[PDB]
There are 2 protein chains.
Amino acid sequence: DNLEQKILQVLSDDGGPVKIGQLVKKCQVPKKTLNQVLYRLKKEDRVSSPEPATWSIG
Amino acid sequence: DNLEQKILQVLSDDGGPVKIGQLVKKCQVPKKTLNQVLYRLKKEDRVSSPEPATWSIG
RNA sequence: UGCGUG
RNA sequence: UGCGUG
């Protein structure tokens, strides 16, 4: 929810492929917690994964 | 160490393929903790994995 | 090395 | 669904 919004803001401000480690630094939660949301967002066609462990708005 | 010995005893007393969930019940530690040792034991040719998430003496 | 796993 | 990941 708040984490979902933070992930969306980081991906949108970046505008390009973002590595999971870079999201950890910006979102201040562990990789597993990020990936739970990222894969849910992916299912929802809110984000895309152009590369392994790499995420973008899509 | 003690967990390694417990895993070895459970696999040897069983004598056949053992599922990771069955090891959890006997060894009273989580699947990740079991798998850390199991894959180290596998590297050491002390156990084998005849099937995914399935383990035996080998 | 991808790991999200329930 | 394999997950051991450092």
Side-chain angles (χ1 to χ4, degrees), chain A residues 2-30 32-58, chain B residues 2-30 32-58:
Chain A
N2 157 67
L3 181 56
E4 165 185 301
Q5 285 321 117
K6 186 57 167 135
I7 286 171
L8 288 174
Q9 168 249 296
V10 173
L11 291 186
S12 309
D13 293 336
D14 190 290
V18 181
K19 301 286 155 183
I20 185 65
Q22 305 181 301
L23 286 162
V24 166
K25 274 198 226 253
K26 295 302 208 93
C27 306
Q28 317 188 331
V29 308
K32 175 182 251 166
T33 312
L34 281 174
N35 276 326
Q36 288 162 340
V37 184
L38 283 168
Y39 278 94
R40 181 185 81 234
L41 292 177
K42 190 192 184 306
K43 218 87 64 203
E44 275 152 29
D45 313 305
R46 296 289 327 259
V47 298
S48 34
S49 193
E51 271 176 76
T54 308
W55 300 88
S56 62
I57 275 299
Chain B
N2 157 67
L3 181 56
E4 165 185 301
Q5 285 321 117
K6 186 57 167 135
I7 286 171
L8 288 174
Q9 168 249 296
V10 173
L11 291 186
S12 309
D13 293 336
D14 190 290
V18 181
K19 301 286 155 183
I20 185 65
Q22 305 181 301
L23 286 162
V24 166
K25 274 198 226 253
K26 295 302 208 93
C27 306
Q28 317 188 331
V29 308
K32 175 182 251 166
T33 312
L34 281 174
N35 276 326
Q36 288 162 340
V37 184
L38 283 168
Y39 278 94
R40 181 185 81 234
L41 292 177
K42 190 192 184 306
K43 218 87 64 203
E44 275 152 29
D45 313 305
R46 296 289 327 259
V47 298
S48 34
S49 193
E51 271 176 76
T54 308
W55 300 88
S56 62
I57 275 299

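So you know, we letter chains A, B, ... as the sequences are listed, proteins then strands, and number each from 1. Any value given below was found using the heavy atoms of this structure, including those in side chains, with hydrogens, waters and symmetry copies removed.
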Which pair of non-hydrogen atoms, one from A:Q22 and one from A:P17, has the smallest distance, and what is that distance?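 So the minimum-distance heavy-atom pair works out to OE1-O, 4.5 Å.
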What heavy-atom pair brings A:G58 and A:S48 nearest, and what distance separates the two atoms?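 Heavy-atom minimum between the residues: CA-OG, 3.2 Å.
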In whole angstrom, what separates [X]'s [atom1] from [N]'s [atom2]?
X	N	atom1	atom2	value
B:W55	D:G2	CH2	P	12 Å
A:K43	C:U5	NZ	P	11 Å
A:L34	C:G2	CG	P	14 Å
A:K42	C:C3	NZ	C1'	15 Å
B:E44	D:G4	CD	P	18 Å
A:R46	C:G4	CZ	P	22 Å
A:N35	C:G2	CG	P	10 Å
B:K19	D:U1	NZ	P	13 Å

So among A:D14, A:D13, A:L8, A:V10, which one has a side chain to side chain contact (heavy atoms under 4.5 Å, CB included) with A:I57?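 Of all the options given, the one that passes is A:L8.
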Does B:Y39 put a side-chain nitrogen or oxygen below 4.0 Å from OP1 or OP2 of D:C3?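 True: B:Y39 side-chain N/O within range (under 4.0 Å) of D:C3 OP1/OP2.
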Using only heavy-atom distances, determine whether the side chains of A:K6 and A:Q9 contain a donor-acceptor pair under 3.5 Å.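 Yes.
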Could you tell me how far C:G6 sits from D:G6 if I compare only their P atoms? Round to whole Å.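 About 15 Å, rounded to a whole number of Å.
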Report the nucleotide, chosen from D:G4, C:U5, C:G2, that has the shortest atom-to-atom distance to any side-chain atom of A:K32.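 For the A:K32 side chain, the nearest candidate turns out to be C:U5.
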The side chain of B:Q36 is closest to which nucleotide in this list: C:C3, C:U5, D:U5?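 For the B:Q36 side chain, the nearest candidate turns out to be D:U5.
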